[PDB]
Structures are given as C-alpha cells and as structure tokens.
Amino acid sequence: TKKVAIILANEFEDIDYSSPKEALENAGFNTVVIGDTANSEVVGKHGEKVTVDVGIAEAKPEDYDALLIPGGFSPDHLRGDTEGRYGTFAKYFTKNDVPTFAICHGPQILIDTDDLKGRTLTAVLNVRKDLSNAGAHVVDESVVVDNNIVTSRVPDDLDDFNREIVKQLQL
C-alpha cells in the first residue's frame, strides 16, 4: 500500500490540506502528517485542527511514496526551522524523483532543496518570483506536471491538482 507524507505547520490553508488528503484517501492511499512534534496540534488559517502523526526528527523519507506540501503560511513556518529540516526532508523527494505535490505557497519549501534549476512549476502569485530566482521555469497554469513534481496555484485549482496527484501515485 502507498502512503503520502504531508508536511504541516500552523496556519496552513485548511482546504489545501483537506481536499488533497480526501482525494488521496479516496483513491486508496494513506496520508501521514509530519510536523515539529508527534501528537502536537497544528491549526489552519480557518481553524481546522490537525494532529501531527510523526515528528520531523524521526521521519524517514524513504518510508513514503510521495510528499504533499499544503499552502497558506505553513510553508513559511516550516522554513523557519533553525536546522532546515523540512528542506532536507523534501530534498529526498526531489533528489530521487519521488512524486512531490505542492499547492499555493507550498512550492516555497522546494526552493530549500536547491534542486529547482530547470524544473517547471507554478505557484500562487506571491511566490512566483522567488521560484524563478531559485532557477525554476515558472508558468501560470492551473496544474503543472514536471516528471514527478505536480504544482497548482490556488484552491480553485484543486480539481485539476487532485486529479493529477492521484495519477502520479498510480505509476
């Protein structure tokens, strides 16, 4: 059975978490929330409470068949980790071409992999310039698939994003 790592801090955009989680589980994949501390709670912009399953200190990225990075201000929080542990975690996925899915601000974390040169991505407007400075070919599309990396811009893109992430996992 395949399972998806979802990296999550406080102030995630609630629907960026719930909608792809529901699509993945509906297709028969399981999800696991990876955050600062196992069994801590993180709270979305709009109040959704999510319990962290696995601490980032213990998490083995090779255990997971895909990474999902929900947006809002969760990715900014994750990039505040003094030891850069979420960037290092995401680097496993980009270095080994494992399916990697990011929506909205999510692609911010991919910048910390230093692996984006020549990759094609989209993101929320706020973050596109940073993605291009990181070496990406940034485009403005509802969903972008570049081999293993799937990106979308906003919650309104979720139908397209969810369809593509489940396909990539079927591979």
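Numbering starts at 1 and runs along the sequence shown.
- The deposited model assigns a higher average Cα B-factor to 152 to 160 than to the other stretch when 16 to 24 and 152 to 160 are compared.
- Here the stretch with the larger average CA B-factor, out of 67 to 75 and 92 to 100, is 92 to 100.
- Among 34, 57, 144, 110, the highest C-alpha B-factor in the deposited entry belongs to 57.
- Annotation for residue 3: C-alpha temperature factor in the lowest third relative to the rest of the modelled chain, per the entry.
- Ranked by C-alpha B-factor against the other modelled residues of its chain, residue 133 falls in the lowest third.
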